[PDB]
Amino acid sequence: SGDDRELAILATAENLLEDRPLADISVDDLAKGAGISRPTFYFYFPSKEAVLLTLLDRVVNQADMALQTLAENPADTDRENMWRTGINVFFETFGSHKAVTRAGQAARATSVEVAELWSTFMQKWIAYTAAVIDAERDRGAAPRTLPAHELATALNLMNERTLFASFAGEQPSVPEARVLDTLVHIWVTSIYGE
């Protein structure tokens, strides 16, 4: 029931974020959807902003955990497929949570905690990217061109901006149904190209 009311608040928030921004969702809306009173809501979360932080934390950790699984279970693959399957973890995980994704990205501007969470995970994903590039260079598959960590940083920042623009249908954006091929091409050419 503690778990239960908390989970219901989170599910309600994710559902309501599909139709309007967090600014237009009230605590009364969250409490009503979750089948609790307003003061009961405040037992579980201090604010609607804290609800969004918890949602984003769950989605970012879901992506991270999926990437860790993939890292433990090398799909038998060419180099291009290796990177495609990895980028796809983010494409599918965040694409399955577009409202939380969008609201989380917006909250980076106003929430130190959201900004630090995103920063922390991006640093982790960049470091892993650089470690893979380093291993591809050590095995003779990739040439020693740019500093690996700098290349990794620009490619991860490209994926952040490009994927989220595509999900939002921003003008300009890559169509969602083209974003994987687009990013994979740029990663493979920049990592393996002389």
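Think of the rigid core as the biggest set of C-alphas that the two forms share within 1.5 Å after superposition. Just count from 1 along the sequence shown to find any residue number.
Taken in 9 other deposited structures of this protein and fitted on the core, 47-55 and 66-74 differ in how far their Cα atoms move from the shown form, and the one that moves more is 66-74. In this crystal structure, the stretch out of 183-191 and 1-9 whose C-alpha atoms carry the higher mean B factor is 1-9.
The question of which stretch, 83-91 or 108-116, has the higher mean Cα B factor is settled in favour of 108-116.
Within the group 49, 64, 150, 134, the record's highest C-alpha temperature factor is found at 49. When the C-alpha B factors of 141, 163, 59, 146 are read from the deposited coordinates, the top value falls at 141. Remark: residue 71 belongs to the highest third of its chain, ranked by C-alpha B-factor as recorded. The entry lists a Cα temperature factor for residue 14 that places it in the middle third of the chain's modelled residues. For residue 175, the recorded CA temperature factor ranks within the lowest third of the chain's modelled residues. Ranked by Cα temperature factor within the chain, residue 54 sits in the middle third according to the deposited record.
Among the modelled residues of its chain, residue 37 has a C-alpha B-factor that falls in the middle third according to the deposited record.
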